[PDB]
A.B. asks: 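Below are the structure tokens for one structure; questions will follow.
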Amino acid sequence: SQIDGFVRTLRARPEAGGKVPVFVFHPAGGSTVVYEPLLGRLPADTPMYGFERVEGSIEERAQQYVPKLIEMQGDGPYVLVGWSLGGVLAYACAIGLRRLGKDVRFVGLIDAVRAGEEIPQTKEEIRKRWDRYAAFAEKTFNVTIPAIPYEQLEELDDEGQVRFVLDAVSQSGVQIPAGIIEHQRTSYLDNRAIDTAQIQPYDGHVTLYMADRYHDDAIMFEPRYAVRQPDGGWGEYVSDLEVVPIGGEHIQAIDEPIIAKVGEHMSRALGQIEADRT
Ligand SMILES: O=c1oc2cc(O)ccc2c2oc3ccc(O)c(CN4CCCCC4)c3c12
């Protein structure tokens with residue numbers, strides 16, 4: 001995998017012609033190398049490019065990706081796919097591309113499932129979330145995370161909360177590798193980017209590959225992900241939603257054997273698109 005800006009080449013397209021590329025978008029706290037199992041289950045010579053992390057709200061991230069998508073693929077067709085946060089990013093790009101008159105053929109959400117219940121916007125919720133992260137950081141890094149004063153919780157947005165903790169961490173003098181600090185920073189913000197995403201309507205085909213449940217660690221961070229709606233929270237927004245059950249838990253959906261089901265279904269979709277453009 002070669003990287004150029006925020007674009008990872010997972011399989012380069014031929015010099016000219018060839019099949020429609022699959023554009024995959026990174027998950028919360030990971031890179032697009034996670035899509036290599038999927039690529040192994042897609043038709044031979046299917047190109048694939050991964051869009052890695054950029055800063056901003058979902059819409060601001062899409063505003064950086066959509067111009068690059070068009071630079072690479074022009075009028076279309078567009079195949080946009082993502083697990084975790086990448087599914088929301090793929091969906092946001094599909095909306096932007098459609099608004100610009102581009103040809104989007106397939107949006108693939110790999111268990112990018114909304115919380116079954118609205119997350120309240122209270123200091124109590126912010127507190128519990130940061131204490132759950134403090135517990136995660138102890139079980140994981142055996143490190144003590146500082147806590148934000150209760151009456152300052154609603155004075156800090158997500159970025160500001162993370163900045164507060166990172167500074168107080170370095171001011172506390174705990175030894176944490178910077179590489180872990182940066183992975184933790186992006187994982188926290190990207191998980192919150194899923195939490196706070198506002199889904200816009202999309203008049204187009206979307207396939208939701210739906211696992212059985214979020215895994216325990218996800219539910220420990222935010223228990224409202226223990227509940228799932230049958231449409232994963234997407235039915236009110238998508239005119240043509242196809243829900244493909246894949247079993248397993250959210251963390252397993254990206255890897256074998258669960259990804260074989262995703263690849264088998266997506267390969268048929270890709271074969272139809274290739275036939276349709278020929
Ligand atoms: O799940 C997580 O893993 C992490 C793994 C890390 O290394 C670091 C941070 C986090 C992390 O910070 C979060 C903040 C809010 C929050 O709601 C969640 C739950 N997440 C929401 C999106 C859907 C799956 C569950 C997290 C979450």
Side-chain angles (χ1 to χ4, degrees), residues 25-31 33-34 53 55 57-58 61 82-92 109-120 122 124-138 140-148 153-154 156-162 164-166 169 174 176-199 208-229 231-234 246 248-255 258:
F25 297 79
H26 79 90
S31 83
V33 299
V34 301
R53 182 175 198 279
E55 305 289 343
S57 71
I58 298 302
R61 296 193 208 195
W83 174 58
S84 168
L85 176 57
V88 180
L89 298 173
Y91 184 90
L109 312 174
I110 301 176
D111 205 51
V113 168
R114 312 300 295 156
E117 307 179 345
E118 192 169 21
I119 300 164
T122 71
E124 195 207 358
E125 289 301 327
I126 300 172
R127 172 62 84 218
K128 287 152 61 194
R129 196 165 37 243
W130 271 112
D131 278 347
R132 290 166 182 149
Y133 178 81
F136 167 83
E138 260 276 330
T140 298
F141 311 107
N142 210 334
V143 61
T144 294
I145 298 282
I148 300 164
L153 292 170
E154 283 290 346
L156 302 179
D157 65 10
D158 279 321
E159 292 267 354
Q161 291 165 29
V162 165
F164 186 102
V165 172
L166 294 181
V169 159
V174 287
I176 316 178
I180 289 185
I181 295 297
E182 169 74 2
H183 177 249
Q184 287 306 111
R185 177 192 77 88
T186 56
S187 296
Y188 188 91
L189 291 177
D190 282 359
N191 273 276
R192 292 293 298 152
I194 297 164
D195 288 352
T196 62
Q198 175 50 41
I199 312 302
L208 170 67
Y209 301 95
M210 192 170 166
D212 273 338
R213 63 174 178 93
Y214 274 102
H215 53 301
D216 289 333
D217 288 357
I219 302 181
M220 283 172 36
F221 269 102
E222 175 46 72
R224 286 164 193 89
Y225 284 98
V227 170
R228 293 184 162 209
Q229 302 301 318
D231 63 352
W234 295 91
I246 60 170
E249 73 212 359
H250 176 79
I251 197 74
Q252 306 170 322
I254 197 63
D255 284 313
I258 298 296

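One-based numbering along the sequence shown. Just so it is clear, the values below take in all heavy atoms, side chains as well, and ignore hydrogens, waters and symmetry mates. Ligands are counted one by one from 1 in listed order, and the atoms in each one are counted from 1 as well.
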A.B. asks: Would you call the rings of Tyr188 and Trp130 parallel, tilted or perpendicular, where under 30° means parallel and over 60° means perpendicular?
C.D. replies: parallel

A.B. asks: Do the side chain of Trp83 and the main chain of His250 share a donor and acceptor less than 3.5 angstrom apart?
C.D. replies: yes

A.B. asks: Distance under 4.0 Å to a non-hydrogen atom of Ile194: what atoms of ligand 1 satisfy this?
C.D. replies: 22 (C)

A.B. asks: To the nearest 0.1 Å, how far is atom 5 (C) of ligand 1 from its closest protein heavy atom, and which atom is that?
C.D. replies: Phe136 CZ, 4.0 Å

A.B. asks: May I ask you to check if ligand 1 and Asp195 share an N or O to N or O distance below 3.5 Å?
C.D. replies: yes

A.B. asks: Any donor-acceptor pair under 3.5 Å linking the side-chain atoms of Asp195 with those of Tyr225?
C.D. replies: yes

A.B. asks: Any side-chain heavy atom of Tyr214 within less than 4.5 Å of one from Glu222?
C.D. replies: no

A.B. asks: Do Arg129's NZ or CZ and the ring of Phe221 fall within the cation-pi criteria of under 6.0 Å and 45°?
C.D. replies: no

A.B. asks: Of the side chain and backbone of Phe221, name the one, both, or neither that has a heavy atom under 4.0 Å from an atom of ligand 1.
C.D. replies: side chain

A.B. asks: Measuring from atom CE of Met210 to atom CG of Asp231, what distance do you get when rounded to the nearest 0.5 angstrom?
C.D. replies: 8.0 Å

A.B. asks: Would a 4.5 Å heavy-atom cut-off, applied to side chains only, mark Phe141 and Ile176 as touching?
C.D. replies: no

A.B. asks: Among all the protein's non-hydrogen atoms, which is closest to atom 12 (O) of ligand 1, and how far away is it?
C.D. replies: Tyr188 CD1, 3.5 Å

A.B. asks: Could you list the atoms of ligand 1 found under 4.0 angstrom from a heavy atom of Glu222?
C.D. replies: 17 (O)

A.B. asks: Would you mind listing which atoms of ligand 1 come within a distance below 4.0 Å of any non-hydrogen atom of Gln184?
C.D. replies: 6 (C), 7 (O), 8 (C)

A.B. asks: With backbone taken as N, CA, C and O and side chain as the heavy atoms from C-beta onward, which portion of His250 lies under 4.0 Å from ligand 1: side chain, backbone, both, or neither?
C.D. replies: neither

A.B. asks: Run down the list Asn191, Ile251, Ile126 and name the one with the heavy atom closest to atom 20 (N) of ligand 1.
C.D. replies: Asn191

